[PDB]
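Okay, so we've got a single protein chain in two different forms coming up as structure tokens, structure 1 first and structure 2 after it.
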Structure 1
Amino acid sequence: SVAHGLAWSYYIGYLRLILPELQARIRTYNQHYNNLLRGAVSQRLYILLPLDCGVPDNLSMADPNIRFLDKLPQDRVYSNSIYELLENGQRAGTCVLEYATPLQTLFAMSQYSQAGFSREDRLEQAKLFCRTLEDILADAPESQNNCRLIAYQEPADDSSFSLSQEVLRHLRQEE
């Protein structure tokens, strides 16, 4: 199962490096980067995990209610982005949000003939990736409390699905 290595390297090579400093980066941003009406950025890295492995280049193109706000300021450099979440036209939250990049590997594999990797195989591995990553984070209490995995399967009636709503459900659980 490719998901095992994908989850482990995502943790070892990214999450365990970025998460320990995230709380401070967000606090600093909230306290030091002045824009009159900007809302407080929520703590935690919110990670989108579509089980279909469909990762857009433009996160806001997946949902007009997810609006880019700013880059989270920074020994290496990590690009993280802050977004406002809208609900019925109003600002309902502000958070640090991104797709789980290893899902792009699963998607690319499914499009690569020689991989012998079907859409069915991909869905199995996407589920396994989420499970494996959850188990890793459960054993790392610090990293666990600094991120939230948002795993979802999209309904056939896409008019009944809102990516912003999915993020808001998780964000509001912390409140």
Structure 2
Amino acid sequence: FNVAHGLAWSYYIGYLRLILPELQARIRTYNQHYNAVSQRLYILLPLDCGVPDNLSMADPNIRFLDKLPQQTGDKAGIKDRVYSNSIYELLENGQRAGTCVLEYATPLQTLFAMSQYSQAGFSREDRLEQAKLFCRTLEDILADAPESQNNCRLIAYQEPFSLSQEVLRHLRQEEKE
């Protein structure tokens, strides 16, 4: 029916509510320790199309550089379950034009897969509007979450382009203020 609403709240309480409070603290460690990546976490949400696993192939201008400090903790009986993220370099005309923490909204690929299996009661036409609904309920969550306080920026998009440009646009404008 409306699976996206539930998955958005799962994205909050099982991930971002966990890693947002300590995110900025762990970026400082990397930058301070390494000779710079900006503070926010940038989450890609392709609405129409699917979610690749390697951004470098989704857009060659998005080159991955290094990892962050891992985040560990016991969650649901697994001692030292570790949450890790990735830092990507974004190029423009062969020039390093940005650096930041970039990743896809993993639940989006769950939706894409569920629209294939039969007994999920989820048709391939509903896919777009569910991706839209997911992108939006998550927006409502982050505006009034105490954990989200200039922590992350949603990058929604739909493709009939170049992704590296789309993320650059969000980077360039958060530096404006």
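One-based numbering along structure 1's sequence throughout. Superpose the two forms; the largest set of C-alphas matching within 1.5 Å is the rigid core. Shifts are known only where both forms have a C-alpha.
Considering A62, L123, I136, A115, one residue stands apart with a C-alpha shift of at least 2 Å between structures 1 and 2 following superposition on the core, and it is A115. Relative to the superposed core, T105 moves its CA by 1.2 Å between structures 1 and 2.
Superposed on the core, the two forms differ at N80, whose C-alpha moves 0.3 Å between structures 1 and 2. Relative to the superposed rigid core, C53 shifts its CA by 4.6 Å between structures 1 and 2. Once the two forms are aligned on their core, only one segment of at least three consecutive shared residues with Cα displacements of 2 Å or more between structures 1 and 2 appears, at 113-120.
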